[PDB]
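Remarks on the structure that follows.
Numbering of residues begins at 1 and proceeds along the displayed sequence. All values below were derived from every heavy atom in this structure, side-chain atoms included, with hydrogens, water molecules and symmetry-related copies excluded.
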Amino acid sequence: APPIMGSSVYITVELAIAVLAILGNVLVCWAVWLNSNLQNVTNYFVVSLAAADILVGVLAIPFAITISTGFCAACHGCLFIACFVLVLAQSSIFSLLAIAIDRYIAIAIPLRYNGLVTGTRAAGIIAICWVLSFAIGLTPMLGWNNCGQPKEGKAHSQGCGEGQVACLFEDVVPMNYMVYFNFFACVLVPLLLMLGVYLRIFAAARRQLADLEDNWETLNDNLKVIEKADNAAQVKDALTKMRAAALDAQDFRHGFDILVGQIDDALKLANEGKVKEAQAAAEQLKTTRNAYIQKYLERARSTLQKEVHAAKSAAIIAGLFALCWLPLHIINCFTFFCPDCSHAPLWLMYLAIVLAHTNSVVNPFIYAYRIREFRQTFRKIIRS
Ligand SMILES: CC(C)CCC[C@@H](C)[C@H]1CC[C@H]2[C@@H]3CC=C4C[C@@H](O)CC[C@]4(C)[C@H]3CC[C@]12C
Ligand SMILES: CC(C)CCC[C@@H](C)[C@H]1CC[C@H]2[C@@H]3CC=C4C[C@@H](O)CC[C@]4(C)[C@H]3CC[C@]12C
Ligand SMILES: CC(C)CCC[C@@H](C)[C@H]1CC[C@H]2[C@@H]3CC=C4C[C@@H](O)CC[C@]4(C)[C@H]3CC[C@]12C
Ligand SMILES: Nc1nc(-c2cccc(-n3ccnc3)n2)nc(-c2ccco2)n1
Ligand SMILES: CCCCCCCC/C=C/CCCCCCCC(=O)O
Ligand SMILES: CCCCCCCC/C=C/CCCCCCCC(=O)O
Ligand SMILES: CCCCCCCC/C=C\CCCCCCCC(=O)O
Ligand code: NA
């Protein structure tokens with residue numbers, strides 16, 4: 001069948017993806033620029049990720065369409081148009097890893113987060129990451145390429161000139177680079193590190209939510225131990241543990257000041273052998289628990305639930321990046337490791353390439369569906 005027919009479907013789909021990738025990701029950058037509630041370190045990496053996706057639409061997709069023609073080109077020029085998408089994918093990986101680490105620092109050390117993670121340090125990391133992405137993605141232009149062994153028969157059959165080759169990705173980019181360096185070292189290892197970071201985020205949230213519920217239950221159990229106590233020493237023992245737990249957990253500041261103070265009043269009575277007076281003093285702790293401690297617990301639980309929801313949204317984007325790119329990397333593994341296997345057919349290569357590009361369309365949707373602040377800002381931009 002005429003090659004222009006199958007190429008026409010692939011090209012049209014690529015162009016449709018390029019349009020959506022630019023539109024949705026420009027909307028993400030617009031929302032962050034306009035709304036100060038979206039201007040935070042996590043979202044500076046989100047914008048770096050959206051910039052990489054805009055460049056997939058503007059440059060990587062036109063370059064993929066160009067390569068698909070097999071046009072005559074100087075081998076090192078062909079190599080640049082083949083490798084530029086690897087720069088963008090690498091930058092995306094560094095942005096996804098930075099978002100995961102950012103979310104881990106926020107849940108593991110919230111009191112140190114604002115002094116450790118600043119906009120200035122974030123902008124420096126993003127700049128370094130873009131430089132490293134160019135170094136990794138354009139490593140073949142440093143000599144790890146097949147330009148020293150051109151397919152001269154294919155070049156002559158196409159009427160190419162001297163120093164020119166038929167420009168095809170797998171003719172100029174070495175497959176040992178694609179599998180060992182690009183896939184295993186530069187993609188799979190950071191994705192596995194991201195999985196490890198997300199497991200630590202969810203374990204930290206789970207442990208912190210369990211600790212809030214345990215401290216609340218301990219307060220209520222110790223209040224009952226005091227109510228049923230048969231002597232001053234038993235009231236004292238339960239109060240000494242209540243005081244330590246209260247200090248460990250320490251209008252919310254006023255509530256904890258009242259709580260420790262009331263435990264201290266009861267403990268002083270219990271040390272004087274005044275059981276009944278110590279038990280009546282301990283009952284006052286219920287008023288403080290109802291008016292202050294319960295509100296603290298509900299707010300701390302709600303804050304942890306919002307961090308779990310946010311880390312899930314971030315993990316879904318990292319997982320969707322893995323889902324969209326893995327097929328092309330896996331096809332490269334078959335081409336490389338199985339020279340006795342027929343190469344994956346051209347229609348399957350086009351499908352894997354288009355699926356990898358579709359990753360540049362999906363993040364604006366995940367932000368709109370899962371993040372209220374982005375959802376409302378997108379609605380305001382599209383309306384105004
Ligand atoms: C800032 C942005 C918009 C600028 C983009 C510049 C792009 C389109 C330029 C920069 C380098 C260029 C390549 C350099 C060399 C060659 C080899 C030649 O035999 C065919 C064209 C080809 C393959 C060029 C295609 C266009 C190219 C990729
Ligand atoms: C990441 C998730 C979605 C899994 C993706 C798995 C895909 C990429 C796998 C599953 C089955 C695989 C195919 C199984 C058999 C062959 C025949 C061989 O001659 C060329 C490779 C080819 C055609 C494989 C290409 C990759 C393949 C299509
Ligand atoms: C955690 C997951 C996503 C990591 C990725 C797994 C990759 C590296 C695995 C999944 C299936 C594997 C392939 C399965 C079958 C074959 C055919 C054999 O003749 C050569 C090795 C080869 C081509 C394997 C290479 C590695 C492979 C592509
Ligand atoms: N094997 C492979 N091929 C490509 C790639 C990139 C752009 C265009 C084309 N193309 C066009 C027509 N036929 C092929 N192929 N990319 C990759 C790749 C990038 C990242 C991981 O694998 N692999
Ligand atoms: C080949 C074309 C150039 C390729 C590299 C382009 C890199 C563009 C990067 C932009 C991401 C910026 C994200 C926001 C940075 C933080 C802002 C701030 O806190 O001041
Ligand atoms: C901020 C914008 C960044 C733009 C891209 C920067 C990197 C461009 C890469 C250049 C590699 C140059 C390779 C030249 C090869 C010439 C041919 C040969 O030596 O045989
Ligand atoms: C908004 C700017 C970015 C988008 C630009 C789109 C340009 C058109 C898309 C495809 C790239 C051109 C393909 C040229 C193939 C040459 C084939 C040949 O020489 O045989
Ligand atoms: Na991306």
Side-chain angles (χ1 to χ4, degrees), residues 1-21 53 55-57 59-73 75 77-90 92-93 137-138 140 144-147 149-151 153-155 157-158 160 165-184 186-188 191 320-362:
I4 200 185
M5 293 183 79
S7 85
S8 289
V9 169
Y10 162 69
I11 294 168
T12 302
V13 172
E14 287 275 63
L15 291 175
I17 295 170
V19 170
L20 294 170
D53 289 330
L55 295 172
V56 163
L59 296 179
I61 285 172
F63 289 174
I65 288 168
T66 306
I67 289 165
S68 77
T69 69
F71 79 117
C72 292
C75 189
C78 177
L79 204 52
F80 180 80
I81 69 167
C83 299
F84 188 71
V85 66
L86 309 182
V87 176
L88 301 185
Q90 200 60 40
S92 297
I93 283 159
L138 306 182
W144 195 356
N145 61 58
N146 297 327
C147 295
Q149 293 97 32
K151 289 195 169 155
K154 186 175 307 193
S157 79
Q158 291 200 183
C160 302
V165 297
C167 183
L168 291 164
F169 186 99
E170 293 178 36
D171 282 0
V172 303
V173 186
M175 204 58 90
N176 49 18
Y177 165 83
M178 289 304 299
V179 172
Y180 295 134
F181 192 100
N182 193 266
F183 184 37
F184 294 174
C186 297
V187 172
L188 193 49
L191 283 177
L320 284 174
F321 177 97
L323 183 64
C324 291
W325 285 96
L326 278 171
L328 196 44
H329 283 297
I330 292 170
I331 292 169
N332 289 339
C333 292
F334 274 91
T335 298
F336 184 63
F337 290 127
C338 194
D340 300 333
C341 291
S342 280
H343 196 292
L346 187 60
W347 68 261
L348 184 56
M349 301 303 306
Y350 285 162
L351 185 61
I353 291 162
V354 156
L355 172 64
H357 294 155
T358 302
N359 186 249
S360 295
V361 180
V362 307

Check your understanding: Taking atom CG of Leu79 and atom CH2 of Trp144, what is their separation to the nearest 0.5 Å?
Key -> 13.0 Å
Practice item. State the CG-SG distance between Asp171 and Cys147, to the nearest 0.5 angstrom. Key: 10.0 Å
Check your understanding: With a 4.5 Å limit on heavy-atom distance, are the side chains of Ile93 and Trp325 in contact?
Key -> no
Review point. With a 4.5 Å heavy-atom cut-off, do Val9 and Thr12 have their side chains touching?
Key: no
Check your understanding: How far does NZ of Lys151 sit from CD of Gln158, to the nearest 0.5 angstrom?
Key -> 11.5 Å
Revision key, fill the gap. Closest heavy-atom pair, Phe321 versus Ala89, reported as atoms and distance to 0.1 Å, is CZ-O, 3.8 Å
Practice item. Using a 4.5 Å cut-off on heavy atoms from C-beta on, say whether the side chain of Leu15 contacts that of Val19. Key: no
Exercise for review: Nearest 0.5 Å please: distance from the CG atom of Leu86 over to the OH atom of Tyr177.
Suggested key: 5.0 Å
Review point. What is the ring orientation for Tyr350 with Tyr10, classed by angle as parallel under 30°, tilted 30 to 60°, or perpendicular over 60°?
Key: parallel
Practice item. Drop me the distance from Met175's CE to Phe183's CZ, to the nearest 0.5 angstrom. Key: 12.0 Å
Review point. Okay, side chain of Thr335, backbone of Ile331: is any donor-acceptor separation there less than 3.5 Å?
Key: yes
Review point. Given side chains that start at C-beta, do those of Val172 and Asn145 come closer than 4.5 Å, heavy atoms only?
Key: no
Review point. Do the non-hydrogen side-chain atoms of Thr66 and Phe71 ever get within less than 4.5 Å of each other?
Key: yes
Review point. Quick check: does any side chain N or O of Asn332 sit under 3.5 Å from a backbone N or O of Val179, one acting as donor and the other as acceptor?
Key: no
Exercise for review: Kindly indicate whether the side chain of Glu14, heavy atoms from C-beta on, has any atom under 4.5 Å from the side chain of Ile353.
Suggested key: yes
Check your understanding: Does the side chain of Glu170 reach to within under 4.5 Å of the side chain of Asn146, using non-hydrogen atoms?
Key -> no
Practice item. Starting at OH of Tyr180, measure out to SG of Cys333 and round the result to the nearest 0.5 Å. Key: 9.0 Å
Point to revise | Steps toward disulfide (SG to SG under 2.5 Å) verdict (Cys167, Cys78) | key: CA-CA 6 Å; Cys167 183; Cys78 177; 2.0 Å; yes
Review point. Any side-chain heavy atom of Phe169 within less than 4.5 Å of one from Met178?
Key: yes
